[PDB]
Structures are given as structure tokens and as C-alpha cells.
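To start, the structure itself, in C-alpha cells.
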There are 6 protein chains.
Amino acid sequence: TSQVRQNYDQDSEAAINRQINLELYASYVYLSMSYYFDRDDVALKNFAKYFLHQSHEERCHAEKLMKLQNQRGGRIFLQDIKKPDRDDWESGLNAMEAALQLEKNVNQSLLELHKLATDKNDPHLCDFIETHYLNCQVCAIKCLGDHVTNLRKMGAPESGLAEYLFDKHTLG
Amino acid sequence: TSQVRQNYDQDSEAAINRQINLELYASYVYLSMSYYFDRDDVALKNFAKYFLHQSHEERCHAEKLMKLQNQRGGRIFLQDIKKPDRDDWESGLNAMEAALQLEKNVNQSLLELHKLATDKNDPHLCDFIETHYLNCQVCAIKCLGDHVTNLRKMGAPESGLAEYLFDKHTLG
Amino acid sequence: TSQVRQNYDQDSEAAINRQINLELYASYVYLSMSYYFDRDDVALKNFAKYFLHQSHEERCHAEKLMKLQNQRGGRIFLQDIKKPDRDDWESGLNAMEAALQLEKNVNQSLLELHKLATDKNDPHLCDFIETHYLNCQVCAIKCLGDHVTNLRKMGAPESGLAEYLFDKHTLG
Amino acid sequence: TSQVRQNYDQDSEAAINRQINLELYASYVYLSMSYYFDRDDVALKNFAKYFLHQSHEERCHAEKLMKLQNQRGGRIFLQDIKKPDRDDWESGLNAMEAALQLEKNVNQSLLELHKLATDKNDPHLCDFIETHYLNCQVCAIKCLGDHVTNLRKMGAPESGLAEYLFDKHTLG
Amino acid sequence: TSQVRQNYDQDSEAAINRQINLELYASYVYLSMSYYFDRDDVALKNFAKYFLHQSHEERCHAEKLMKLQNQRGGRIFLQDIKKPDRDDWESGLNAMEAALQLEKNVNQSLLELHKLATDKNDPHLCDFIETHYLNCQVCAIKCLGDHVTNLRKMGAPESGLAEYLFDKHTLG
Amino acid sequence: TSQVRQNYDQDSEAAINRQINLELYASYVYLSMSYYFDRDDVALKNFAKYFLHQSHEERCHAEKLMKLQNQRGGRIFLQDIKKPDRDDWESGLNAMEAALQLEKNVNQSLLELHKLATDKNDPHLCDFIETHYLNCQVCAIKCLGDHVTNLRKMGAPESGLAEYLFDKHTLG
Ligand SMILES: [Ca+2]
Ligand SMILES: [Hg+2]
Ligand SMILES: [Hg+2]
Ligand SMILES: [Hg+2]
Ligand SMILES: [Hg+2]
Ligand SMILES: [Hg+2]
Ligand SMILES: [Hg+2]
Ligand SMILES: [Zn+2]
Ligand SMILES: [Zn+2]
């Protein structure tokens with residue numbers, strides 16, 4: 001048993017390692033989307049950038065979660081990073097919609113993780129999430145949603161001019 | 001025989017002069033395209049500005065090639081510079097496609113020139129091409145590729161508005 | 001077929017996607033080592049840092065490889081990121097030795113990739129590697145080796161004072 | 001007909017296209033002399049440097065001419081750019097003598113062009129020439145004239161020291 | 001066997017050591033030429049200064065090569081540095097012609113070394129020569145070639161004035 | 001004879017030429033040592049660092065000696081530079097001792113040189129020796145002496161930790 005461990009439950013420890021992988025996954029998904037728009041037949045540099053940043057952000061959440069693990073005394077155990085669902089994300093609107101779902105999912109995962117920490121009376125963990133992931137996911141979803149909304153209302157996905165202008169004005 | 005000549009094959013010497021003309025040619029095409037967009041009936045400054053820059057760029061590659069010839073003891077032999085294939089390039093999309101094919105042929109020419117250098121066992125020549133040219137072409141083509149894609153997805157050439165916004169946003 | 005593709009062979013394309021995963025893998029391995037030293041029972045912040053940077057560097061190679069893919073016209077296809085071998089890396093010396101092998105491996109993979117590009121006459125690819133990965137791997141190995149050497153000669157792994165001082169003076 | 005054309009005669013438009021070609025030609029010539037001195041057996045950097053600047057100048061002149069065509073409503077028509085009269089320019093004194101002749105020829109047709117505009121009662125065309133070429137050309141001739149005179153009086157071509165010191169003192 | 005060794009053939013290893021001597025040799029030659037012009041009966045400070053730089057340059061090339069030897073895992077084996085051919089270099093033109101011959105021989109050696117690395121499928125060793133040596137040599141040669149041309153043309157070595165003036169203007 | 005020669009004996013001259021070689025030799029010795037510690041199985045940068053500097057220090061001493069020869073009308077006569085009597089230096093301690101001896105010999109050599117100068121009544125040569133060498137060598141030896149002392153009292157060569165710490169705390 002780690003000398004620093006205190007009030008950190010086994011389920012929580014596992015829950016985290018699990019959350020860690022989901023984050024690494026999310027990062028991989030975003031990495032996949034980024035380079036989809038980098039393709040000469042898609043060509044939307046800002047979508048590409050937007051997503052790559054989104055990618056780097058998730059890998060950062062992953063690492064911060066790993067830090068938490070070591071801080072509490074729990075041991076980290078890595079699992080394969082599943083490959084993303086698709087390989088082709090169609091249009092900018094599809095990618096956004098996809099991302100909106102992914103976030104809503106990761107958020108679902110976090111809320112479950114919070115309930116777990118509440119049933120285990122781990123105030124420190126509940127807080128670490130409330131401040132570092134909860135309000136973050138809420139802002140991410142709301143943004144994604146807005147993009148989805150504007151893209152639909154601009155004529156996308158059928159309209160190629162719409163995504164172009166979106167890549168410029170909103171993501172640029 | 002030049003006092004500095006060393007391991008520089010005569011076939012190689014001819015290949016470069018050949019390339020020095022292809023480069024000068026491309027420069028001429030790009031110039032033609034430039035001032036095409038400068039017409040009061042075309043009026044797309046940024047396209048014109050763009051192609052003028054490429055015309056100036058190719059012209060330099062032609063010069064770097066000539067410096068190379070001299071460095072290695074070879075002797076430069078210039079030829080006429082054939083007039084560009086067309087006089088009117090129709091639309092910005094059409095011009096971009098025209099350009100994409102051009103840069104593709106020059107790369108083609110370089111890739112051949114490279115095999116020739118290899119066959120003649122001239123590493124310095126192989127290297128000079130790899131660094132100063134090969135990479136550039138690969139990038140140029142990828143950029144022209146992207147431009148062609150965007151203009152398309154926007155509705156060009158039919159949509160006069162697509163070529164306008166592209167000129168402003170992408171090339172401006 | 002991608003409009004930008006030219007002289008880019010199918011085997012090469014595959015070879016890359018494969019090299020991409022190996023890089024992502026390497027990054028994961030290094031990520032695993034970093035947080036091993038972050039553990040309160042290992043406690044070597046600089047080893048942790050050293051490795052995390054090494055981790056970020058590899059993920060960067062991965063992305064740059066993905067860029068190449070899109071530049072040449074080849075399509076990217078992601079594969080699961082296998083999980084690292086161990087979970088516990090024992091000592092700083094073990095981690096270094098491990099890393100030395102990993103690099104030597106990734107380098108082996110790159111050299112094979114180079115021979116492939118040579119058999120396919122893709123000067124652009126041979127070069128992209130010669131300049132962005134070859135000389136890089138050689139410097140990485142030589143460094144790792146030096147650390148391994150100093151750690152052995154300082155009394156590690158049996159000596160706990162040796163690794164401590166190494167974390168300070170060399171990695172700090 | 002161009003929506004902007006006004007008082008621009010067909011003979012003039014043709015004469016301009018003709019003048020454009022001559023300028024691009026002179027440019028080639030200079031480019032030629034430029035890399036002549038860049039040869040290891042001629043080795044006169046400044047002569048090289050000088051003529052290169054001249055080459056760029058004549059090209060800048062061609063572009064201005066084209067810009068004019070578009071402005072007045074005419075239509076540019078490019079023709080092949082014949083190769084320089086020679087490949088080897090012998091000595092500095094010879095090239096200076098060669099240029100002097102070239103600029104005078106160019107100046108010649110320019111005057112012809114001005115005479116034409118005068119007959120076609122096109123005040124604008126005469127004024128454009130009056131300021132952007134007739135003045136440059138007179139100075140150009142006077143300069144080369146001065147150069148030739150100096151080289152002759154110093155010893156060229158009998159003296160190799162003459163060209164060397166003229167390279168450093170006048171052109172450097 | 002060095003833990004860092006990989007795809008580094010024993011022939012290459014031995015070739016490198018041999019080349020290391022050749023470089024140190026040139027350094028000694030250039031050092032001999034440097035002080036030759038420092039003699040009161042020769043008195044050409046820039047010639048002296050010029051060659052001293054080449055001597056220092058070559059030693060640097062030597063050192064780099066030794067670092068390569070160590071980075072690849074090979075082992076350095078020094079040999080005697082055979083003194084230069086003469087003690088008197090007659091004239092500046094004589095010295096410049098010799099140095100041209102030397103760089104040309106050192107370049108020839110480098111070419112043989114590059115073929116060996118290729119024949120031994122060692123991309124890293126091939127590329128290392130491509131950048132840090134092969135390109136420098138073609139340049140060194142072309143410069144020497146030029147210095148030799150001017151000195152000739154200025155009337156050397158019969159004319160003492162020529163070298164004095166070359167010393168001040170080119171090398172000064 | 002040299003117009004500048006004046007009270008510079010024959011034996012003195014030959015002696016300096018002799019000293020010049022010894023200094024060059026010492027330089028080659030340190031060069032050897034330097035790259036020994038640069039080996040991946042020795043890995044002691046600062047030692048590598050330290051000796052490489054001394055190598056240059058000695059080579060400079062050589063050059064100033066050659067400048068002396070020319071300053072006084074003597075003629076320089078370079079000889080082969082024998083390789084070091086060692087390839088592998090075993091340890092930092094052994095190497096430091098080797099250096100110490102080496103320096104004492106060169107000092108011994110300089111002391112004999114100063115003697116010759118006195119028996120030949122040459123105050124300039126004597127003074128030259130005093131201010132530019134005799135004084136450096138003493139300090140040098142004293143420094144090398146101190147280094148040996150520290151390494152020995154630190155537990156060298158059996159303690160790898162000692163040399164490692166000396167490398168960081170004294171040579172760093
Ligand atoms: Ca005294
Ligand atoms: Hg809680
Ligand atoms: Hg080659
Ligand atoms: Hg290749
Ligand atoms: Hg007029
Ligand atoms: Hg090779
Ligand atoms: Hg004395
Ligand atoms: Zn807009
Ligand atoms: Zn310490």
C-alpha cells in the first residue's frame with residue numbers, strides 16, 4: 001500500500017485508470033478527425049487545426065488524470081487505445097456532430113465517476129472533477145452544439161461553400 | 001574541361017540545362033496566368049498576385065539550377081522559352097488545375113533527373129535535388145491540390161461568388 | 001486516386017501507416033515510464049520529466065508522419081495502440097536500458113522503411129527520413145547509451161544514491 | 001471589346017505586345033551574361049551580380065508593359081522568347097559592349113512605339129513611355145557607355161587586371 | 001561491441017578512421033600554407049589569414065567525423081599525420097592551385113566513402129556525408145577554382161602586383 | 001638569409017622547429033583523449049570537453065611558435081606528427097596522470113630550449129619563452145596535479161561515482 005494513500009478507494013482507482021483510457025481514446029478520435037481535414041480532397045486547415053488542438057487537449061486531460069492517480073497513491077495500469085470508429089468523417093458537419101456525441105459520452109463517463117466518488121465519500125476526487133472536468137465538458141458541448149447549429153443553418157453538409165466559410169470565419 | 005569538374009557526368013550536365021529550361025518555361029506560364037487575372041474582365045487581384053509570385057519563384061529555381069551547373073564545372077546552354085499553352089485561362093479553378101498539372105510535370109522531370117544522377121553515381125547531385133527541389137514540389141503540389149479542392153467544393157467555376165471569396169479569404 | 005499523388009507507392013503508403021503506429025506506440029511506452037518515476041515509491045521527477053518529453057517527442061514524430069502521408073496523397077489508416085510491455089519499470093537504469101532497446105527497434109523499423117523507399121525509387125521519402133528520423137534516432141541512441149553507461153558506473157541499480165544523483169546532475 | 005478600352009488603337013495594342021516580348025528577351029540576354037561571369041573560368045562576381053540586377057530590371061519592365069495592356073483594355077499575347085545571341089560572352093568588355101547595343105535596340109523600338117502613339121493620337125501611351133522608359137533608357141545607355149569607355153581605357157581585354165579592378169571598384 | 005551500434009559495418013568504421021586522417025592531413029597542409037605567406041619574403045597577410053581559416057576549418061571537419069565515429073559505435077584509431085609535400089609554396093597562385101588539388105582529392109576520397117556506405121546500405125552514413133561534407137567540397141572547389149582563375153588573369157605569378165591586389169580585394 | 005634575421009642562432013632555429021612538433025604532438029594527444037571520453041561506454045562529456053579544449057590550447061601554442069620562427073627570420077620545417085602511444089585511456093584518472101606527465105615533458109622540453117637560448121645569448125627568445133610558455137606550463141601542471149589529487153582522494157579509478165562527480169563538479 002502506497003504511503004500517501006488515504007481515503008482513496010479501490011473502485012475509484014480503477015474508475016480512474018478507466019477514465020484515463022477513455023481520454024486517451026478521445027484524443028485518438030480527435031487526432032483522426034484532424035488529419036481527415038488535412039487531406040487534399042477535404043482541405044479545411046482550420047477544422048484540422050481546431051481538431052488537433054482538441055486532440056492535444058484530451059491527451060492533456062489524460063495525463064492530468066494519471067497525475068491524480070499517483071498523487072492519491074493509486075497505481076496506474078494502461079490499456080490498449082482502441083482505434084477510432086471511422087477513418088473517413090465525410091464532412092465538417094459530420095465531424096462536429098460526431099464530436100458532440102463523443103464529448104457527451106466522455107461527460108457521461110465523468111458524471112458516473114463523480115457518483116462513484118460520492119458513494120465512496122471521496123471529497124477530494126469529487127472536487128478534482130468538478131473543477132477540472134465537469135465545467136470543462138459543459139463548455140465543450142455547448143460550443144460543439146453551436147457549431148453544429150451554424151453549420152446546419154449555413155447549408156451544410158450539402159453546401160460546400162458553407163463549410164468553407166465556417167472554416168474561415170468561425171474556426172479561423 | 002572545367003578545372004573544378006569532378007564526378008560530374010556529361011549526361012547529367014545536359015539533363016540540368018534541360019531542367020533549367022523547363023523551370024524558365026513554368027515561370028513563363030505562371031506569368032501568363034498572373035496577368036490573365038489582372039484583366040478588367042477577370043479582375044481577381046489576389047489570384048494575379050499569387051501566380052506572379054510563383055512566376056518569380058520558378059524563375060529562381062531556374063537560377064539556382066544555373067548556379068549548380070557552374071559550381072560543378074558544367075557549361076550552361078540556354079534554349080528558347082516556348083510560349084504558354086493558352087492565352088485565356090478561363091476561371092481561377094481552371095488556372096489552378098492548369099498549375100497543378102504543371103508543377104506535377106516539373107517534379108516528374110526532377111524525379112527523372114534524380115534517377116539519372118543516381119545511375120551516374122553522383123551523390124552531390126542527388127542531394128542537391130532532394131533538398132532544394134523535391135521537397136518544394138511536393139509541398140507546392142499539395143497546396144495546389146488543396147486550392148483546387150476548395151474552389152470546387154465552393155461551386156467554382158459556375159459560381160462567380162466562389163472564386164471571389166477564395167481570392168479574398170485564401171489568397172488574401 | 002489523390003490528385004496530388006505522384007511517385008508514391010502503395011507499399012510505401014502502408015509502410016508509413018505502420019511506422020505511424022509504431023511511433024504512437026513508442027510514445028505510449030515513454031508515457032508509461034514517465035509516470036513510473038512520478039510514483040511516490042520511485043520518486044524521480046527528472047526521470048519522469050525526461051521521459052514525458054521523450055513521450056511528447058515521439059507523438060510529434062507520429063503526427064509529422066501523418067502529415068507526410070497526406071502530402072503525398074496516401075490515405076491514413078489508424079490501428080490500435082498496443083499497451084506497453086511492463087507497468088513497473090523497476091529502476092531508472094532499467095527504464096534507460098528499456099528505452100535504449102525501444103529506440104534501436106524504432107530505428108530498425110525506419111531503416112527498413114528507407115530500404116523500401118529505395119527499392120521503390122522514392123527519393124522524396126528516402127530524404128524525409130534521412131533528415132527527420134535517421135540522424136535523430138542515431139542521436140537518441142547515443143544519448144540513451146551514455147546514460148546507461150553512467151548509471152551502471154555509478155552503482156545503479158543496486159545503489160539508490162546513484163540514480164538520485166543522476167536525476168539531479170544529468171537529467172536536471 | 002473591353003469595357004475600359006478608350007482611344008486605344010489596334011496597331012498600338014499589337015505594338016505593345018511586341019515590345020513586351022523584346023523586354024522579356026533582353027531579360028534573357030542579361031540572365032545569360034549574368035551566369036557567364038559566374039563560371040569558374042571567368043569568375044567575376046560583380047559583373048555577374050550587375051547583369052543579374054539588369055536582368056531582373058528588364059523583367060520588371062516587361063511586367064509594367066503588361067500591366068499597361070490590361071489597363072487600357074488591350075489583350076496580352078505572349079510569344080516564344082528566343083535564346084540569347086550567344087552562350088559565351090568572352091570578356092567583361094565584350095558584354096558591356098553587347099548590352100549597350102541591346103539597350104539601344106530596345107530604345108530604338110521604344111522610339112518607334114512612341115512615334116506610333118503620336119500618329120494614333122494617344123497622349124496617354126506617349127506619356128507612359130515618356131516617363132517609364134525613354135528616361136531609363138537614356139540613362140541606361142549613358143551608363144553602359146561610361147563602362148565600356150572605362151574598360152577600354154584600363155586595358156580590356158588585353159589586360160586581365162583591368163577587368164578585375166573594374167569588377168571591384170566600379171561594380172562593387 | 002558498443003551498445004549503440006546498429007547497421008554500422010566494420011568497413012565503414014575503418015573507412016571513417018582513414019578519412020579522419022585525410023582531413024587532419026589537409027589541416028596540416030593548410031597550416032603549412034598559412035605561415036608560408038607569413039614569411040617576410042612572402043608577406044601576404046590575407047593569404048596567410050585565408051589558409052589558416054581553411055586549416056581550422058578542416059580540423060573541425062575532422063572532429064565532426066570523430067564524433068560520428070563515436071555516435072555510431074565505432075572506435076577511433078589515429079594514425080600519424082604525415083607532414084605536407086613542400087615547405088615552400090612558391091607563389092600565391094601556386095598555393096591556390098595546390099589547395100584546389102587537395103580539396104579535389106579529399107572530395108574524391110569522400111566520394112569513395114559514400115559509395116561504400118551505399119554499397120553497405122547505411123543511409124545515415126550516406127546522408128551524413130551528403131550534408132556536412134559533399135556540399136562543402138563542391139563549394140570549396142568552386143571557390144578555389146575562382147581564386148585560381150583570377151590570379152591567373154591578373155598576371156600571376158609573374159606579376160607581384162597581382163597577388164598583392166588579390167590579397168587586398170578578394171581575400172581582404 | 002632573411003633580411004629580418006638578427007642574432008637568431010642556427011641551433012635556436014632548429015630547436016624551435018623541434019618544439020613546434022612537440023606542441024603539435026601534445027595537441028594530437030589531447031585530441032585522442034578527448035574523443036575517448038566521448039565514447040558511449042566512457043560517457044564523460046566534461047572530460048571530453050576539458051581535453052578537447054587543451055588540445056586547441058596546445059595547437060595554438062604551436063601556431064604562436066611558428067609565428068615566432070617567421071618573426072625572427074627562421075624558417076619553418078614541419079615534420080610528421082606521431083600518433084599518441086595510446087588508443088584507450090582507461091579512465092579519467094589515468095588520463096589526467098598521462099596529461100600531467102605529458103605537460104611536464106613539454107615543460108622539460110621548453111626548459112632545455114630556454115637553456116640553448118641562453119648559451120646562445122638570445123634575450124628575445126629567452127623572454128618569449130618565459131612569458132608565453134614557461135608560465136603557462138607551470139600553472140597547467142599545478143592544475144593537472146590538483147585534478148589527480150582530487151580523483152585519487154575521491155576513490156578513482158575503482159569508484160565510477162567519483163569520476164562522474166568530478167566531471168560534474170570540477171570540469172563542469
Ligand atoms: Ca628574462
Ligand atoms: Hg464526494
Ligand atoms: Hg546518387
Ligand atoms: Hg530513394
Ligand atoms: Hg501622343
Ligand atoms: Hg546509403
Ligand atoms: Hg638569454
Ligand atoms: Zn465572408
Ligand atoms: Zn552532487
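Residues in the C-alpha cells are numbered from 1 in each chain, the chains being A, B, ... in the order shown, and ligands are numbered from 1 in the order shown.
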
Task: Close residues, stretch 157-160 of chain A itself excluded, 9 Å, only C-alpha atoms, min 6 positions apart in chain, as a VMD selection string - done: (chain A and resid 90 to 94 151) or (chain B and resid 150 152 to 155)

Output file for the residues above (C-alpha atoms, as a PDB file, in the first residue's frame):
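The resulting file, again05.pdb, is shown below:
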ATOM      1  CA  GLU A  90     -17.371  12.797 -44.525  1.00  0.00           C
ATOM      2  CA  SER A  91     -17.943  16.499 -43.918  1.00  0.00           C
ATOM      3  CA  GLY A  92     -17.169  19.166 -41.386  1.00  0.00           C
ATOM      4  CA  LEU A  93     -20.727  18.874 -40.118  1.00  0.00           C
ATOM      5  CA  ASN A  94     -20.402  15.131 -39.619  1.00  0.00           C
ATOM      6  CA  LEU A 151     -23.232  24.524 -39.975  1.00  0.00           C
TER       7      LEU A 151
ATOM      8  CA  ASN B 150     -11.668  24.266 -52.082  1.00  0.00           C
ATOM      9  CA  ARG B 152     -14.543  23.066 -56.305  1.00  0.00           C
ATOM     10  CA  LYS B 153     -16.402  22.474 -53.062  1.00  0.00           C
ATOM     11  CA  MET B 154     -17.347  26.158 -53.177  1.00  0.00           C
ATOM     12  CA  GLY B 155     -19.128  25.925 -56.524  1.00  0.00           C
TER      13      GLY B 155
END

- [ ] Excluding residue E:95 and any residue of its chain fewer than 2 positions from it, enumerate the residues within 10 Å of it, using only C-alpha atoms, and give them as a ChimeraX atom specification.
- [x] /E:30,33-34,36-37,47,51,88-93,97-101,148

- [ ] Using DSSP on the backbone coordinates, identify all residues within chain E classified as alpha helix (DSSP H); present the result as a ChimeraX atom specification.
- [x] /E:10-36,45-72,92-119,123-129,135-153,160-169

Open item on the list: Near chain E, meaning an atom within 7 Å, which residues of chain D appear when counting only C-alpha atoms? Write them as a ChimeraX atom specification.
Closed with: /D:40-43,160-161

Next, dump the selected residues to file, keeping only N, CA and C atoms, as a PDB file, in the first residue's frame.
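Contents of the output file again_29.pdb:
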ATOM      1  N   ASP D  40      33.566  29.407 -63.260  1.00  0.00           N
ATOM      2  CA  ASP D  40      34.833  29.327 -62.540  1.00  0.00           C
ATOM      3  C   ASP D  40      35.997  29.793 -63.395  1.00  0.00           C
ATOM      4  N   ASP D  41      35.801  29.829 -64.710  1.00  0.00           N
ATOM      5  CA  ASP D  41      36.849  30.252 -65.636  1.00  0.00           C
ATOM      6  C   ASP D  41      36.760  31.717 -66.020  1.00  0.00           C
ATOM      7  N   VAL D  42      35.722  32.394 -65.547  1.00  0.00           N
ATOM      8  CA  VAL D  42      35.543  33.811 -65.827  1.00  0.00           C
ATOM      9  C   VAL D  42      35.659  34.512 -64.479  1.00  0.00           C
ATOM     10  N   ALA D  43      35.008  33.904 -63.489  1.00  0.00           N
ATOM     11  CA  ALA D  43      34.981  34.349 -62.097  1.00  0.00           C
ATOM     12  C   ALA D  43      34.989  35.847 -61.822  1.00  0.00           C
ATOM     13  N   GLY D 160      43.997  41.531 -67.989  1.00  0.00           N
ATOM     14  CA  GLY D 160      43.045  40.813 -67.157  1.00  0.00           C
ATOM     15  C   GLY D 160      42.873  41.523 -65.826  1.00  0.00           C
ATOM     16  N   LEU D 161      43.890  42.302 -65.469  1.00  0.00           N
ATOM     17  CA  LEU D 161      43.883  43.054 -64.235  1.00  0.00           C
ATOM     18  C   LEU D 161      42.856  44.155 -64.348  1.00  0.00           C
TER      19      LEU D 161
END

- [ ] Could you tell me, counting only C-alpha atoms and all ligand atoms, which protein and nucleic acid residues lie no more than 9 Å from ligand 4, written as an NGL selection string?
- [x] (:B and (115)) or (:C and (114-127))

Open item on the list: For a test of reading the model, state the distance in Å between atom CA of residue A:14 and atom CA of residue C:82, rounded to one decimal.
Closed with: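 These atoms are spaced 19.6 Å apart.
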
Open item on the list: Which residues are near residue E:25? Cut-off 8 Å, only C-alpha atoms, ignore same chain within fewer than 6 positions. Put them as a list in words.
Closed with: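 Residues near the query, excluding close chain neighbours: residues 81, 82, 83 and 84 of chain E.
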
Written file, previous selection with C-alpha atoms, as a tab-separated table (two decimals), in the first residue's frame:
chain	number	residue	atom	x	y	z
E	81	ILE	CA	49.73	12.90	-39.59
E	82	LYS	CA	52.20	12.85	-42.46
E	83	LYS	CA	53.82	16.26	-43.00
E	84	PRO	CA	52.91	18.25	-46.11

Residue F:133 environment, 9 Å, only C-alpha atoms, sequence neighbours closer than 5 positions dropped, as a tab-separated table (two decimals) with N, CA, C and O atoms, in the first residue's frame:
chain	number	residue	atom	x	y	z
F	61	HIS	N	49.47	27.16	-29.06
F	61	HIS	CA	50.85	27.32	-28.63
F	61	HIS	C	51.74	27.02	-29.82
F	61	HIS	O	52.70	27.73	-30.08
F	107	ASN	N	57.33	20.80	-20.81
F	107	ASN	CA	57.92	21.84	-19.98
F	107	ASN	C	59.42	21.58	-19.91
F	107	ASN	O	60.24	22.50	-19.96
F	110	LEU	N	60.78	22.69	-23.04
F	110	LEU	CA	60.88	24.14	-23.07
F	110	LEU	C	62.04	24.64	-22.23
F	110	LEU	O	62.65	25.65	-22.57
F	128	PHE	N	60.65	35.47	-24.79
F	128	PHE	CA	59.49	34.91	-25.45
F	128	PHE	C	59.06	33.64	-24.70
F	128	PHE	O	57.89	33.47	-24.37
F	138	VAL	N	53.65	25.83	-15.97
F	138	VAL	CA	53.66	25.68	-14.52
F	138	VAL	C	52.24	25.60	-14.01
F	138	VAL	O	51.88	24.67	-13.30

Open item on the list: Between atom CA of residue B:164 and atom CA of residue C:72, what distance in Å does the model show, to one decimal?
Closed with: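 Taking atom CA of residue B:164 and atom CA of residue C:72, their separation equals 28.8 Å.
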